[PDB]
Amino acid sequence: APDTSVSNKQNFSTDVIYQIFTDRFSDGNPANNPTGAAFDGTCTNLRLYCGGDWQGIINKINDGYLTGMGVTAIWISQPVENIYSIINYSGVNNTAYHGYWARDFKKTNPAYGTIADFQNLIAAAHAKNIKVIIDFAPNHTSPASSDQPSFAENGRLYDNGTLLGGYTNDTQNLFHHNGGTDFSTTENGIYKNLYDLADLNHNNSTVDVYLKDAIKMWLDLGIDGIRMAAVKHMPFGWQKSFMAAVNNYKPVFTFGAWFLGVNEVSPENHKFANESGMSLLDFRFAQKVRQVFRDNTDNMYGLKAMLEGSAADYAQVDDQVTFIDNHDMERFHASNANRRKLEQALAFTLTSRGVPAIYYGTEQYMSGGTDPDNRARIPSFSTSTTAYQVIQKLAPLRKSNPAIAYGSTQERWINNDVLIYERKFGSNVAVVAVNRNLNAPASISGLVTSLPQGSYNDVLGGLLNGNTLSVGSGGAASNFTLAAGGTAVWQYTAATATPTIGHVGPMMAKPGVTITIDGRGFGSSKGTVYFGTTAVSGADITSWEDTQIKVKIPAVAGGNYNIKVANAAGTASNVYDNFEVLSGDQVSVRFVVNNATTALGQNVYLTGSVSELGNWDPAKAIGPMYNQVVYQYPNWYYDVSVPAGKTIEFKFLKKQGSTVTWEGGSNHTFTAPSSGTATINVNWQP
């Protein structure tokens, strides 16, 4: 199977995701529609079920709506069973139409469909080479009150019909009872209730195993991706252990939703995306895009900055899910706005690095403010829109031109409003020119690219006022005029002689697990695969062709390895660093250190004898540890993914910048549980 195959559950870079808000997409089966006050067939009240279901999606898949657009993957709402109550928030009735109020992760939302329906959906999708990504909010269940078991459904958690427990009288401790968060701090937003949502307690073995077990089911149902909701409100350590469970079972492309406000650039975010075991939704990208094309709060320069920075801050930038809007923010298009702004933001996104995600209805020019105003039912399924044609013309590129999927990003021409960038990958190139200035044209001279000499027509067919590019010798493009609001796309594709790695997934797993290595120039005859200095060939290399290679992770020590391959001839390829070989099966372990006083700026960290602990390396130490919610200073705590069953030696550190002060005495010792969670409580040694 080629990298572009719908079977590629590890790489979406060649795909164009279509974010589908089920309830608001299409009602293929009204027999499952909810009744009474929880439903509004007219979709006037955006806080109630409108009827959108899985069958609706199947129909959309079969009727060529999505396919005709060039969509190769969908991102659907959480499939799990949600609460049935109609939460009345100050005289305002609310329903779980959004599917974020789960009540049983092992069951499905009868409103969307049945297991069978879901199965038919996946079947339909794959039949149309369409990948299926499902939302997953294992951070909570539903709204609930501790003193009012009457409100909502008390956040009651079910395990395939069997009541596990509720928020009230939670003597089991399945949830956190630290009130709500004010998003003041990361730890704050983690161990506190996301709004009024019953915050699950992943430190609880039951909850931990149940959740992991639940994902297994959906994984067995054939899903091709996982969009993790509120990845910022869940302990980072546990999520890794969760990614480990997935990857060590049935690895599938996963990305979390980590909100990033305007002009917000988080290192924690970069780190999470770099070591969580999952990617992230490129909010930084989206916000900048909006600032540049929608709000005009920044120019091409800010865009370029975002591009370069992100390409350096993200270990695997091509794994970041890009977008221009979503269900959590005002639709990119404003009723009064100039359509070209959206079309441009679209063209840009569809040709940039990462995995482009398109919010349903965007191609219909839907406008709307904050939720639920941004979740209106798709006005129509018209293929006549310009946005539709844009996507339609650009999307396929992600499959025909590896430069777009895995290529690099280099600015070739730039100014306040004009931006001309190039994507390169092997013998493939893509030059994109965007003139956001809707009132002024731009004289493009001195443009240099990697495009071989030749005449290049606009792949957009002048759709966005594009033009033909004339490339002479040296990649020098003859002077040309870039129409106002003009957007062109020139490309070059050719066979790649030398082995080039464009993607690798998953990026974190234990030996014996099969990773997927995509790119071009691998050759038909099997070659060699390197996990650092360790060479792997023959049998452990399940499959090998030109664009895709399947191989089992060698039994090497835990840690980061630099992947690389060599054709049957010995010709070595580029390097795809940052691969993580786990020490084995993982389990979320909570470490607690007491009496660890410190001074402002000084934060406690954790080090240990395993790669999951940094192998005694302070730079790779775990932390900074928390000390506010669950435990209070001088008491520090933190949930960490450690190799299960293993006997690990660990020590605590006191960090100040990169200056480290080691713990005294001897190493602490403990043996990781074989499964479930555990709490290692030790005192700081002077």
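One rule holds for the numbers: they count along the sequence shown, beginning at 1.
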Given the B-factors recorded for C-alpha atoms, which segment has the greater mean, 216-224 or 89-97?
89-97
Do the C-alpha atoms of 202-210 or of 141-149 have the higher average B factor in the entry?
141-149
Of 164, 280, 433, 464, which one's C-alpha B factor is largest in the deposited record?
164
Highest Cα temperature factor in the entry, among the options 274, 470, 254, 351: which one is it?
470
Residue 363 by Cα B-factor - lowest, middle or highest third of the modelled chain:
lowest
Just say lowest, middle or highest third for the CA B-factor of residue 645 relative to the other modelled residues in its chain.
middle
Of the three thirds of its chain by CA temperature factor, lowest, middle or highest, which one includes residue 27?
middle
Just say lowest, middle or highest third for the CA B-factor of residue 59 relative to the other modelled residues in its chain.
lowest
Going by the entry, which third of its chain does the Cα temperature factor of residue 285 land in?
lowest
